S.K.: 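Below you'll find the structure I mean.
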Amino acid sequence: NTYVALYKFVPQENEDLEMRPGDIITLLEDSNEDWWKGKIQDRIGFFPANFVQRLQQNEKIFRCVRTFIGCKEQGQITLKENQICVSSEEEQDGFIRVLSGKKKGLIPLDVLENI
C-alpha cells in the first residue's frame, strides 16, 4: 500500500519521517487521521496523513516544471510549478490526464518532469 508525497514535511521530532514532494511512501500503520507511520527508502517514521496521495497500479509520478492554467471547458487542469501529479494513462494530442489530490484533468506533456 504505497503513497506519493505531495508536500514536504520537515521533522520536528526524531520519530518524524522527512518527506520531499515526489517521495514514495510505503504504509506501515494508518495510526490515526492526522499521523501515519511509513517508510521512505530505508527510513521509517511518522508523517502527516493529509500530505500524501494514494498510488494506484501503473501510475507514474510527475513534477510540474512550470505553472499551467488550463481551459476548464476543454477538461484541462491547473497546477503550479513544483506541484506533484500522477497518471496511469497515455498521452493524446500532447496532453495527458493527471490526478493531483482532488484535481483531475488534462495537462500538456511539456509541463511535466518524470521524477
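Heads up: numbering here begins at 1 and tracks the sequence. Any value given below was found using the heavy atoms of this structure, including those in side chains, with hydrogens, waters and symmetry copies removed.
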S.K.: What's the separation between atom CZ in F62 and atom CD in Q83, rounded to the nearest 0.5 Å?
M.R.: 15.0 Å
S.K.: Apply the test side chain to side chain contact (heavy atoms under 4.5 Å, CB included) to residues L55 and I24: give CA-CA distance (whole Å), side-chain angles for both, the deciding distance (0.1 Å), then the verdict.
M.R.: CA-CA 8 Å; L55 274 173; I24 302 189; 4.0 Å; yes
S.K.: Roughly how far apart are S87 OG and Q56 CD, rounded to 0.5 Å?
M.R.: 12.5 Å
S.K.: For the residue pair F51 and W36, is the inter-centroid distance of their aromatic rings smaller than 6.0 Å?
M.R.: no
S.K.: Should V4 and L27 be counted in the same cluster of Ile, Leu, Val, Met, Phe, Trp and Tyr side chains packed under 4.5 Å apart?
M.R.: yes
S.K.: Is the shortest heavy-atom distance from the side chain of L112 to the side chain of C85 under 4.5 Å?
M.R.: yes
S.K.: Answer whether the closest heavy-atom distance between the side chains of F68 and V111 falls below 4.5 Å.
M.R.: yes
S.K.: With a 4.5 Å cut-off on side-chain heavy atoms, are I96 and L106 touching?
M.R.: no
S.K.: Please tell me if the side chains of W35 and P48 come closer than 4.5 Å, counting only heavy atoms from C-beta onward.
M.R.: yes
S.K.: Side chains of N114 and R63: do they bring a donor and an acceptor to under 3.5 Å?
M.R.: no
S.K.: Just wondering, do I25 and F47 contact through their side chains at under 4.5 Å, heavy atoms?
M.R.: yes
S.K.: Indicate yes or no: at least one non-hydrogen side-chain atom of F95 is less than 4.5 angstrom from one of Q76.
M.R.: yes
S.K.: Are the side chain of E91 and the backbone N or O of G94 linked by a donor-acceptor pair below 3.5 Å?
M.R.: yes
S.K.: Nearest 0.5 Å, please: how far is CG in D16 from NZ in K37?
M.R.: 12.5 Å
S.K.: Answer yes if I40 and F46 sit in the same cluster of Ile, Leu, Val, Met, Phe, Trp and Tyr residues linked by side chain heavy atoms under 4.5 Å apart, and no otherwise.
M.R.: no
S.K.: Of the options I107, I84, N82, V98, which is the one that meets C64 in a side-chain contact (heavy atoms from CB on, under 4.5 Å)?
M.R.: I107
S.K.: Does any non-hydrogen side-chain atom of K104 lie less than 4.5 Å from one of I77?
M.R.: no
S.K.: Atom OG1 of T26 and atom CG of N1: how far apart are they, to the nearest 0.5 Å?
M.R.: 9.0 Å
S.K.: Less than 4.0 angstrom from a charged side-chain N to a carboxylate O is my criterion; do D23 and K8 meet it?
M.R.: no
S.K.: Look at the side-chain heavy atoms of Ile, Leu, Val, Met, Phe, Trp and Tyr, link any pair under 4.5 Å apart, and say whether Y7 and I61 land in one connected group.
M.R.: yes
S.K.: Taking the side chain as C-beta and beyond, is there a heavy-atom pair between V65 and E81 under 4.5 Å?
M.R.: no
S.K.: Do any N or O atoms from the side chain of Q53 and from the backbone of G101 form a donor-acceptor pair under 3.5 angstrom?
M.R.: yes
S.K.: Under a single-linkage definition using a 4.5 Å side-chain heavy-atom cutoff for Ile, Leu, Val, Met, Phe, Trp and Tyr, are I44 and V52 assigned to the same hydrophobic cluster?
M.R.: no
S.K.: Taking all non-hydrogen atoms of both residues into account, name the closest pair between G70 and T78 and its distance.
M.R.: N-OG1, 3.4 Å
S.K.: Quick check for you: to the nearest 0.5 Å, what is the distance between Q12 atom CD and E18 atom CD?
M.R.: 10.5 Å
S.K.: Between the side chains of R97 and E89, is the shortest nitrogen-to-carboxylate-oxygen separation below 4.0 Å, so that they form an ion pair?
M.R.: yes
S.K.: Same cluster for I115 and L6 if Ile/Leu/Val/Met/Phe/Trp/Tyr side chains link at under 4.5 Å?
M.R.: yes
